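Peer 1: sequence unknown, structure follows:
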């Protein structure tokens, strides 16, 4: 019936706007926490290399 | 929502590759420093035994 096809339309419009959130910060935090962990790891690498050669490794 | 399950997947992939380092040298150095200490100790044992018997101990 036409009234049924007037409520189908009235629910499609509702379920098409459910305040979809932006997933931008929630991922840049992950990127940042990857970089920070990587740096804290690289520090271990550097300080072990010094304890090998009494010198931090040359660049490149 | 499907978009939430598209960012969960996008963070699982990030946190599954955080440049995991190889822990091979960092342990062989420990093994080496154990052996070197052991040898420096054995030298004390040998040189005390000589000061006992005027001779280093026979092998085996």
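Peer 2: Okay, I see it. Residues are numbered from 1 along each chain as shown, chains lettered A, B, ... in the order given.
Peer 1: now the biggest helix by length in chain A, how far from the chain's geometric center?
Peer 2: When chain A is parsed with DSSP state H, its longest helix is helix A:25-53. The chain centre lies 17 Å from the centre of helix A:25-53; the measure is C-alpha atoms, centre = their mean, to the nearest Å.
Peer 1: mind listing what the residue most central in space within chain A touches?
Peer 2: By C-alpha atoms, centre = their mean, chain A has its centre lying nearest to residue A:27, at 2.0 Å. Shown in contact with residue A:27 (C-beta atoms under 8 Å, 6 or more residues apart in numbering or on different chains): B:7, B:10-11, B:14. Where you see a C-beta, it was placed from the backbone N, CA and C, and this is true even at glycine.
Peer 1: hmm, which of those are the buried ones?
Peer 2: Among the contacts of residue A:27, the ones that count as buried by 16 or more other C-beta atoms under 10 Å in any protein chain shown are B:7, B:11.
Peer 1: and the contacts of residue A:27 near chain A, which?
Peer 2: B:7, B:10-11, B:14 (C-beta under 8 Å from any C-beta of the partner chain).
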